[PDB]
Amino acid sequence: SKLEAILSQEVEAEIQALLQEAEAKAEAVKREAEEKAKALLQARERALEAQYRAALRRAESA
Amino acid sequence: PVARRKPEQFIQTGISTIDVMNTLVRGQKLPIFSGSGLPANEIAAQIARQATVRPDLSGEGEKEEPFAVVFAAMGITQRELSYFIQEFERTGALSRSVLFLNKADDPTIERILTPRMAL
């Protein structure tokens, strides 16, 4: 039947829209997780090198 | 008074209120009026550890020779003394700073002598 095929089309269209929305969501999720992890790694070179340099400052002064 | 000069060259101290609104200029007397539990000692140590003059704004460059601290302590109680000593030794200023320490248990007449033989 026509509406046999049309309800099959509706199920396929809702599944395809569902998975496209899920693709956009998963891409934004891996984007935000990678941005947070790289903000971590960018902050850690500051948080470690500043400690190392201040240690050499006070060691040289001592 | 004929042989004085105008205290004229901008010290930035890092503290935003002192840098923007109540400027500390090199050659000035300005006391920190504090209360009884307020952190006066930490503000004094912060101005000790980061006060610099910026000559690029001034227009000269010409060097960066840093400050020499003279710390004249009259009757502090080994807690404030330990904070000042630990701060100056972590920043490394003790190779430029003389400390006339008169602790609290030491007798209460040589507090007259202390600021004169510091200045």
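Parameters and conventions
Note that residue numbers begin from 1 in each chain and follow the written sequence, not necessarily the entry's scheme, while residues that lack coordinates are absent from the view. Each chain is given a letter, starting from A, and each ligand a number, starting from 1, according to the order in which they appear as written. As shown, the structure covers only some chains of a larger assembly, and all values describe those chains. No hydrogens and no water enter the side-chain calculation; it runs on all heavy atoms of the structure. Summary of the burial criterion: residues with accessible area below 20% of their type's maximum are buried, those above 50% are exposed, and those between are partly exposed, where the area comes from a 1.4 Å probe applied to protein chains only. The numbering of helices and of strands both runs from the N terminus, where a helix is a DSSP run of H or I of at least 4 residues and a strand a run of E of at least 2. Note that the arc is defined by the directions from the helix axis to the C-beta atoms. We call two residues in contact whenever any of their non-hydrogen atoms come within 4.5 Å of each other. Here the rule is simple: two strands pair whenever DSSP picks up at least two bridges between them. Note on terminology: a nonpolar core comprises buried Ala, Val, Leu, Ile, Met, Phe, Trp, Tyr and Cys residues joined through side-chain atoms within 4.5 Å. Any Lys or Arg side-chain nitrogen found within 4 Å of a carboxyl oxygen on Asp or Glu counts as a salt bridge. Residues scored as charged are limited to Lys and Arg (positive) and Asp and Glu (negative), so that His and the chain ends carry no count. We define a polar contact as two N or O atoms separated by no more than 3.5 Å, with the added condition that, inside protein, one atom must be a possible hydrogen donor and the other a possible acceptor, whereas residues neighbouring each other in sequence contribute only through side-chain atom pairs. Any helix carries an expected span of 1.5 Å times its number of residues minus one.

Method of structure determination, per the deposited record: cryo-EM was used for this entry, reaching 3.8 Å resolution.

Asks: Where do I start with helix 2 (residues 40-50) of chain B in this structure?
Replies: For an α-helix, 3.6 residues make a turn, and residues three or four places apart therefore share a direction. All names here are of chain B. Considered for burial, the residues of helix 2 that qualify are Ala40, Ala45 and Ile47. Buried residues of helix 2, seen end-on, are gathered within an arc of 160° and therefore sit on one face of the element. Contact partners of the buried residues in helix 2: helix 1 (16-20) and helix 4 (79-91).

Asks: Would you mind going over the pairing of strand 5 (residues 98-103) of chain B with me for this structure?
Replies: Consecutive side chains along a regular strand alternate between the two faces of the sheet. The pairing of strand 4 (residues 70-76) of chain B with strand 5 of chain B spans six bridges and is parallel. What sits directly across from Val70 of chain B, in strand 5 of chain B, is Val98 of chain B.

Asks: Looking at this model, I keep getting lost on the sheet that holds strand 2 (residues 24-26) of chain B. Mind explaining?
Replies: Adjacent strands of a sheet pair through backbone hydrogen bonds, lying either parallel or antiparallel. With respect to topology, three strands assemble into an open sheet ordered 2-1-3 (chain B), the strand pairing being antiparallel. Bordering the open sheet on either side are strand 2 and strand 3 (52-53) of chain B, each of which pairs with just one other strand.

Asks: So what exactly am I meant to see when it comes to the nonpolar core here?
Replies: Looking at soluble globular proteins, one finds that nonpolar side chains tend to be buried together. All names here are of chain B. Counting seven residues, the largest nonpolar core consists of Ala45, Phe71, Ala73, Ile76, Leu81, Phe84 and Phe88. Residue assignment for this core shows that the elements contributing at least two residues are strand 4 and helix 4. Leaving out residues up to four positions away in the same chain, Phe71 has contacts with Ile76, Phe84, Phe88, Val98, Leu99, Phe100 and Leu101. Membership of the second largest hydrophobic core comes to six residues, among which are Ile11, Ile15, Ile18 and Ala51.

Asks: So what exactly am I meant to see when it comes to the pattern of salt bridges here?
Replies: Working definition: two side chains of opposite charge can pair if their charged atoms are close together. Residue and element names in this part refer to chain B. The final tally for this structure, using the stated rule, is four salt bridges over all chains. Between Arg49 and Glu87 there is a salt bridge, with its nearest N and O atoms 3.6 Å apart. One end of the pair, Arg49, is in helix 2; the other, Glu87, is in helix 4, and 38 residues separate them in sequence. Look at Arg49 and you get partly exposed, because its relative accessible area is 47%. Take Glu87: its relative accessible area is 10%, and that puts it in the buried class. The partner of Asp106 in a salt bridge is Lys103, with the nearest N and O atoms 4.0 Å apart.

Asks: Mind showing me how you'd approach the side chain of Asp19 of chain B here?
Replies: Residues and elements named next belong to chain B. Relative to the helices and strands, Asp19 is located in helix 1. Of the side chains with opposite charge, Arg54 lies nearest to the buried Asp19, which makes no salt bridge, at 9.7 Å. Polar contacts involving the side chain of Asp19 include one to the main-chain amide nitrogen of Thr13, which spans 2.6 Å.

Asks: Sorry, what's going on with helix 4 of chain B here?
Replies: Residues and elements named next belong to chain B. The end-to-end C-alpha separation of helix 4 is 18 Å, in line with the 18 Å expected for 13 residues at 1.5 Å each. Among the residues of helix 4, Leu81, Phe84, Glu87 and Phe88 are the ones counted as buried. Seen end-on, helix 4 carries its buried residues on one side only, within an arc spanning 135°. Where helix 4 is buried, its residues contact helix 2, strand 4 and strand 5.

Asks: How should I be thinking about unusual backbone geometry in this particular structure?
Replies: Outside of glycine, negative phi angles account for most residues, and trans bonds account for most peptide bonds. Residue and element names in this part refer to chain B. For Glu62, which is not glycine, the phi torsion reads 75° and is therefore positive. What makes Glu62 exposed here is its relative accessible area of 67%. The residue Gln78 is not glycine, and still its phi comes out positive at about 70°. Within the element layout of this structure, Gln78 appears in the loop between strand 4 and helix 4.

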